[PDB]
Each structure stands twice: as structure tokens, then as C-alpha cells.
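To start, the structure under review is shown below, and the notes come after it.
In this analysis, Cβ positions are derived from the backbone assuming ideal geometry, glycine residues included, and neighbour counts consider all displayed protein chains. Nothing in this text is a laboratory measurement; each read-out follows from the coordinates by a stated rule.
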Amino acid sequence: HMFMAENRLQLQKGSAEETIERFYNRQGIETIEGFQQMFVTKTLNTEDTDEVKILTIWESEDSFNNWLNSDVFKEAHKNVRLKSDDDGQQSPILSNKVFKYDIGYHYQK
Amino acid sequence: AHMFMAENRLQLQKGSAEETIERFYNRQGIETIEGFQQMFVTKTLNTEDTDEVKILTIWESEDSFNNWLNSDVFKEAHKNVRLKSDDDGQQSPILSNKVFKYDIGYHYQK
Ligand code: HEM
Ligand code: HEM
Ligand SMILES: [Mg+2]
């Protein structure tokens, strides 16, 4: 079975679009053996905080862990700040939460 | 134009995720919809008292999804689906569902 890891970003209202633009060019995730796909989504119809989800699809959980442990993961996140960080005041990113999934079925037309 | 994702999130009785996922192996018309691209059916990995299965559908547009939602094939696919809360839902492990909708701002394929 494939594996999915989600990073769920809790953002200030209206900041989804500027946040998504940060994901346009790859920073090495694609070099990890077992990486397959990524989607970056904006949750529609939110009334409070904006929500952006980063969905990554892998041949296995092991592949994902390999990326978490990689230098490219660190490089991609080096200038990322939460609003709570000492130098993070201007960041619209409030928090993140990671979700993990077994992919029990996939179909493509 | 951006792809669109619709999610149906199922809250399930503990232990019923795998049997529920098997119900999605066979297509029931969604593949005939103009704009339909992909589906993923997932089980959440956690320590909660209920199982959670998500059905993620990926479309060329929200319009395409709306067409499917209102279609005969949607009705056909779901005609025998019951919730535990239904009068005739005794054999159903499905406690509830909730729909979520997303704009896909970016996609990359290796
Ligand atoms: C620790 C909290 C995290 C925050 C606040 C965060 C936020 C961000 C931001 C803002 C970017 C774009 C960076 C830039 O401007 O160059 C990024 C990159 C990325 N993040 Fe996170 N992230 C976190 C951890 C994670 C985790 C745990 C995952 C696992 C799914 C993840 C998935 C990704 C991916 C796939 C990229 C693109 C990587 C690449 O192209 O190589 N992030 N993250
Ligand atoms: C009314 C609440 C719903 C429940 C309880 C439910 C549950 C189910 C179940 C158990 C199946 C397998 C059918 C079978 O056993 O033959 C199914 C089919 C399916 N459901 Fe739902 N569903 C609901 C509405 C939705 C919605 C709103 C979506 C939108 C994402 C969706 C997406 C799908 C898809 C893509 C299939 C496969 C259709 C095909 O192959 O043609 N469902 N649903
Ligand atoms: Mg808004």
C-alpha cells in the first residue's frame, strides 16, 4: 500500500494564497526514493483561520521518514517561521499538525 | 485553471476501516464523468476509538464534481449505502459523514 502524509497549516485569515505560492518550486523532496506525488490545497468555505494542506504520497511510510530525516527537508524549511517564533511576528502561519494515512485504494481514469 | 478536490470523511466503528475500503474497489460510474481524474481512499493512522476513512476525489473543476454529485451514477453508487443512524442501518458500521472541499493550488508528480 501507498502511504500519505499530510501537513495541515493553520493560517491567518486570507493568507492561504501567499502561503501556497511558497510551494511552487521543488527543494529536493523529489530526490527521495519512494516519493510519488504532492498536492497543496486550500480548504474552501473557511470562516475563521485559513487552512492549507500539504499532501505527500509515498510508496511507503519508510520513504516519508527518510525524507523527514534528510538534509533537503531541513533546507526546504530553514527560513520557515511560526508567528510565535521570536522573529516570526510577520508570519501568517499559526501552527501545523501532521496526519498520516494508509492508502487502501487508488484509481486513476 | 486549478484542479478541485472533494473529500467525504467517514467516521466508522472501530475495526471496520478495511471492510469499508473494499467497497470502493469496484467502479460504479464515476469514471464516466467528464472532468473526473483520480480517487484515493485512506485510513487514518491514530489511536482514536473510531476508525476514519476518507474518500478523496480529484477533478478538473468544481463544476465537474457538481455534475457528478447531481448525476444518476452518484445515486446508483449510493443506493444501498446506509448509516448506523438510518432505520435500516443495523448492519452499517458508518456512524457519520462530512464533506470537505478544496482548491488544488499546486500539484507535482515524480
Ligand atoms: C514544522 C512545521 C512546518 C511548517 C510551519 C511548514 C511550512 C512550510 C513552508 C512555509 C514551506 C515552503 C517553504 C519556503 O517558503 O520555501 C514548506 C515546504 C514543504 N513542506 Fe513544510 N512545514 C512544516 C513541516 C512539514 C512537514 C512535517 C511536512 C510533511 C508532509 C511538510 C511538507 C512540506 C513539503 C512537501 C514542502 C516542499 C518541500 C520540497 O519541495 O522539497 N512540511 N513547509
Ligand atoms: C451521503 C453520505 C455518503 C456515504 C455514507 C457514503 C459512503 C459510501 C460507500 C459505503 C460507498 C461504496 C458503495 C458500495 O458499497 O457499493 C460509496 C461510494 C462512493 N462515494 Fe460515497 N458516501 C456518501 C456520499 C459521498 C460524497 C458526498 C462523495 C464525494 C466525495 C462520495 C464519494 C464516493 C465515491 C467517489 C464512491 C465510488 C463511486 C463510483 O465508483 O462510481 N460519497 N460511498
Ligand atoms: Mg476566505
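Structure values in brief
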| quantity | calculated |
| --- | --- |
| Set A:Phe99, A:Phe39: member being more than 16 Å from ligand 2 (Cβ to nearest atom), surrounded by 12 or more Cβ atoms within 10 Å (Cβ to Cβ) and of a type in the set (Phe, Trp, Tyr) | A:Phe99 |
| Test: A:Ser15 is away from ligand 2 (no atom under 16 Å from the Cβ), of a type in the set (S, T, N, Q), touching a residue at least 60 places away in the same chain (Cβ under 8 Å) and in contact with an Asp or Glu (Cβ under 8 Å, 6 or more places away or on another chain) | yes |
| Residues located in segment A:78-109, provided they are more than 14 Å from chain B (Cβ to nearest Cβ) and in contact with a helix residue (DSSP H, G or I) (Cβ under 8 Å, 6 or more places away or on another chain) | A:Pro92, A:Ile93 |
